[PDB]
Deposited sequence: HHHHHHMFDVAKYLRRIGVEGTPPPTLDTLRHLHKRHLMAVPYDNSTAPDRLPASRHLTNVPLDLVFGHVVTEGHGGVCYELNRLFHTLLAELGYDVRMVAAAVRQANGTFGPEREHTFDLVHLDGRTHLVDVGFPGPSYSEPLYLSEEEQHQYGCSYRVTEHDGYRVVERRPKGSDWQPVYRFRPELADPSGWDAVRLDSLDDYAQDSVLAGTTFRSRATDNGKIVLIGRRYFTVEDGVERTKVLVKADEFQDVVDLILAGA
């Protein structure tokens, strides 16, 4: 189907057309993460031969995620959300980032794609398309510590980058990803180049649930628990729980 704001809001459980304020942005962001799961299971099926994101019609993505109710990956979910926010009146700018790996280092510079919103003189980070543990409500572009559902966040400056860092209960600060704010671009999605483990996740009311391969992670009010799933029926119950949304 063709991109439609009203249909999208209905998909994520938002009623009416709330006004273009910070309180609305916080609600949209959290509802989107609860309703629309991250899922890379069929991402390669939507890759274009040319590696230019522009050759992937926005309507194809909209059909898969909003009309048919499936999940997607960062350059699908945040691409759609950018378009929704722009239609709702926000000043949204696209930015790319390098992700802190499982080995502790940062990956390629443009692996991850998300957005910034400038509103009433402050800049907020917007990301509804990151598979791992991260923020469910927008962050201020500030090194000042910020708290959401028992987790702490901050956006520090290191070596020409801004670094999103997260600190759950009983753990030290850990980078999530890093980006260059000066490379943000209102039209950045039109320039994105797309040059075996399954990753699925979604937010809950008070945290997030994440399944990478057999590794099942939950955070609830900042309290983390992990379990390497063995049984086939428990594994499928966890997949269904994530993909059904909330």
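Unmodelled regions (deposited sequence positions with no C-alpha coordinates, counted from 1) are 1-5, 201-212.
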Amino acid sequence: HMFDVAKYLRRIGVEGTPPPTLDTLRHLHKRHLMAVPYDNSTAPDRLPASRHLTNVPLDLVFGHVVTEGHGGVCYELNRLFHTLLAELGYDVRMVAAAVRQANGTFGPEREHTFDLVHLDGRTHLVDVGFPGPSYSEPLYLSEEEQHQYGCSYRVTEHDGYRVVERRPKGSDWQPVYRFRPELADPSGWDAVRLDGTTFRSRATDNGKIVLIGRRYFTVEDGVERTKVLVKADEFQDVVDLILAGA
From here on, numbers count along this sequence of modelled residues.
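The PDB entry records a higher mean C-alpha B factor for 65-73 than for its counterpart among 31-39 and 65-73. When the two stretches 95-103 and 131-139 are set side by side, the higher mean Cα temperature factor goes to 95-103. The PDB entry gives the largest Cα B-factor of the residues 184, 211, 203, 219 to 184. Residue set 215, 178, 26, 52: peak C-alpha B-factor at 52 (per PDB entry).
Sort the modelled residues of the chain by CA B factor and residue 148 lands in the middle third. Residue 174: CA B factor lies in the highest third for its chain, per the PDB record. Residue 112: CA B factor in the middle third of modelled residues in this chain (values from the PDB entry).
Ranked by Cα temperature factor within the chain, residue 82 sits in the lowest third according to the deposited record. Remark: residue 17 belongs to the highest third of its chain, ranked by C-alpha B-factor as recorded.
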